[PDB]
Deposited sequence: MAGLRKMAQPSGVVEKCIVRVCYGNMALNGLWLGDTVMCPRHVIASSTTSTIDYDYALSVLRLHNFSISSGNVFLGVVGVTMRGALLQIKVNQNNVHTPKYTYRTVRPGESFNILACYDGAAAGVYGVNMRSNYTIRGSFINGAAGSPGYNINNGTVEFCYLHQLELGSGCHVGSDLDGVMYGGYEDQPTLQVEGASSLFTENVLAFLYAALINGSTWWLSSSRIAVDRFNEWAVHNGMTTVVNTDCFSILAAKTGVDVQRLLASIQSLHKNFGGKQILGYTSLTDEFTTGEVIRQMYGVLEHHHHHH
């Protein structure tokens, strides 16, 4: 019993973290094979990154794995990343892929400082393409990952913090999530809404764990709820087939949970669910099914 936001074990990723310094800047890089990927802002003195790269000297990089320094062979621009070719292969490189996550999807953050992992926690990509993280100065280059059947899927490299404290990264192809600029200019995060499909998963976890106080007897159709959602800070429900097993196990259908969600808005905070805020949206159906059933 219980429900906790977990991270997948970080061991396979820890051996891939390096420290990348250039000039007055230091952040983290991801060392896979003979390449190190890192945020391109490490070479910044608006920033013209092409200019910054044009005047770069390779010998000005200092890249280290522990106290072992890596020789730099070349550098190429990759969107908001640098792909840095080094003279040594990381012998601890796992089987890996890259994948860009979409809003509402969960992944793991390995928070890194000075080229060393410091903490690990699960996150969920918000509708405004930010994550609710905990990062301070030096965290850039911290990777986000999922582990699928022994393959590490890298999906995020940390880039910056907006003014509101929101965290933004790029995918490993160098595409910034949400199209935010890797610049120190004033940008504000987009409007964010609670991810309803994840709230549904959470309420199913609650039912399985014996929490029923919030359960409505009323129902609302998906499309009518969706009209309400977009005027009430929640996302539309698009996928429902994923809930089939949870509905079967609990005997409670999605339409009933949707009515419950509407009602939870109307005394919001009056009571927790499983010790969480009642409209928690950080858990996906997959995470719930894993923690409930294995």
| property | result |
| --- | --- |
| Gaps in the model, given as deposited-sequence positions counted from residue 1 | 1, 47-50, 300-308 |
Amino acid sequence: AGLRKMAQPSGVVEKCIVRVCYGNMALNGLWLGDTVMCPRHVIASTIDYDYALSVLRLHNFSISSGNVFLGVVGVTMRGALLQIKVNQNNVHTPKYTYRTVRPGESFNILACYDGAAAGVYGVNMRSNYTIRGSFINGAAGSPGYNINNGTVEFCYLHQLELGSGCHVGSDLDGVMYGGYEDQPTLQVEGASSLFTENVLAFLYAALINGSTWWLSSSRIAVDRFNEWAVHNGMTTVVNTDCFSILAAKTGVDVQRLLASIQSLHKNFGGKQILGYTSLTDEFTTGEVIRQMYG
From here on, numbers count along this sequence of modelled residues.
item	value
Mean temperature factor over C-alpha atoms, higher-scoring stretch between 54-62 and 36-44	54-62
84-92 set against 109-117, stretch whose average Cα temperature factor tops the other in the entry	84-92
Which of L30, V238, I261, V254 ranks first by CA B-factor in the deposited coordinates	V238
Per the PDB entry, maximal CA B factor within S217, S142, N146, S211	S217
Assigned third (lowest, middle, highest) for the C-alpha B factor of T277	middle
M25 by Cα B-factor - lowest, middle or highest third of the modelled chain	highest
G133 - which third its CA temperature factor falls in, relative to the rest of the chain	highest
CA B-factor ranking of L186, expressed as a third of its chain	highest
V75 CA temperature factor, ranked by third within the chain	middle
